[PDB]
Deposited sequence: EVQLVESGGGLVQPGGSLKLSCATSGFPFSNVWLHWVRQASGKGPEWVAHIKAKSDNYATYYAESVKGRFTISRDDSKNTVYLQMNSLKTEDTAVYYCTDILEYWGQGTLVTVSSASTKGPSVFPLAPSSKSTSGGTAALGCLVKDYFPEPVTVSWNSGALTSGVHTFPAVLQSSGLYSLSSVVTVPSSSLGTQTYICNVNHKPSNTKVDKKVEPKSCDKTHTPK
């Protein structure tokens, strides 16, 4: 089976450096052309770089916005392609994909370029407290960088759940909320636990909502 697995993303300061890797498997590597494509939230895909094969003398090509700063490279003996990123700018913040540009794309690795420091969220309950439907949830406030994940009752509860996009507050910290609607009559017959995860800070929190 074909696998393309990016890694190396994370939080880095403006002007700093980062090397992304893309480990691959399941296909003959030697004559496959590969690309890096990036995507900022709310925007479309932007092609970053292209590298051909040994037969092509490993010719490389670059987007206008990254010329002179990024270097795409490949190690055919390890079936891996790389993206070296120097002199990073806030505008480089994005999810970075490796792909053949066609049917096969990795899952992406998130690169955040910013001088702000990592901070884990506090998790506060949105308490239910008259039309047969009640609502409850969790507010995940003041974290950086993205992203945060929320589940309910360890994934058993999905119907009625709404997990909203984070908002960037004027403080430069993110905040998001996750809710679920429930029949009001059963408040007390079910336990409701939101499972909040913020890997950049190693925060994993479960919060009972009453």
Deposited sequence versus model: which ranges have no CA atoms? 130-133, 215-225
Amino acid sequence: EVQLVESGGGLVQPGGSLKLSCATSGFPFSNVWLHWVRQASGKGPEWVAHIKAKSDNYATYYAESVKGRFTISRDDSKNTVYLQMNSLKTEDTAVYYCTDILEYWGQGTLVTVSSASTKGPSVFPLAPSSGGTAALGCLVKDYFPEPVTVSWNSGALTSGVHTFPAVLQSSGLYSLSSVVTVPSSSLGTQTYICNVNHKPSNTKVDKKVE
From here on, numbers count along this sequence of modelled residues.
Of 10-18 vs 184-192, the stretch with the larger average CA B-factor in the entry is 184-192
Please compare 109-117 with 130-138 and say which has the higher mean C-alpha temperature factor in the record. 130-138
Residue 86: which third of its chain by C-alpha temperature factor? middle
Assigned third (lowest, middle, highest) for the C-alpha B factor of residue 154: highest
Could you say whether, by C-alpha temperature factor, residue 29 belongs to the lowest, middle or highest third of its chain? middle
Comparing residue 58 with the other modelled residues of its chain, is its CA B-factor in the lowest, middle or highest third? highest
Could you say whether, by C-alpha temperature factor, residue 65 belongs to the lowest, middle or highest third of its chain? highest
